[PDB]
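In structure tokens, one chain follows: the form deposited in one PDB entry.
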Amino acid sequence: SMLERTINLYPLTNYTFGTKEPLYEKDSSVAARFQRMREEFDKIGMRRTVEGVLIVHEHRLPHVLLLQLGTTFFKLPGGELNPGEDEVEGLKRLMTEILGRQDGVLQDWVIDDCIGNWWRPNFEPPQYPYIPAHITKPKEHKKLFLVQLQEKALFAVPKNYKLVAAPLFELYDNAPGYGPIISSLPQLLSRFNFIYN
């Protein structure tokens, strides 16, 4: 009769957000993005993407860490696996490439929980939390994981991004603002028993 996973949260003021050099996107436009997805599909099949959900609290209110590219899109930290790369090692590699320190001290990433799966049927924006009817060759599969933070840490934010802490109410029913994966994080996080340290 205690079936919820227990997750420790720490205050946002426990974390230090330093700076490092810009990290440029792999694609210069939407059209370039879907051309490269089409080219790689022909060589190695479906794109395998992993993303991390990192939580803090302020005054006992959970907040998700988002990376905002300039003043455009909000992103979760993550990216593309290489062929034959383990999903959990890969997400740890990508989070170190995005938020890892200038002084080369390693973060202690802890990943123990899957919180969802999304599939892209075509070389187009629509994504779904299932494989849609009649679709045998999805073009992309995304896997989301909860990343348990340590009590304190220093993250290095690439200079072209801002790290922003968003409360759950601002994400909720806000697909226009955040799109369909980030806007459904409130519902996906509701199963956890958060401890406010």
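We number the residues from 1 along the sequence you see.
Here the subject shifts to the form solved in complex with a small molecule, a form of this protein not shown in this document.
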| Taking the shortest heavy atom distance, is residue 33 within 4.5 Å of the small molecule in the deposited bound form? | yes
| task | Using the partner position in the deposited bound form, report whether residue 83 sits within 4.5 Å of the small molecule, counting heavy atoms only. | result | no
| query | Closest heavy atom of residue 117 to the small molecule in the deposited bound form, within 4.5 Å or not? | reply | no
| message | When the contact criterion is heavy atoms within 4.5 Å, does residue 180 count as touching the small molecule in the deposited bound form? | response | yes
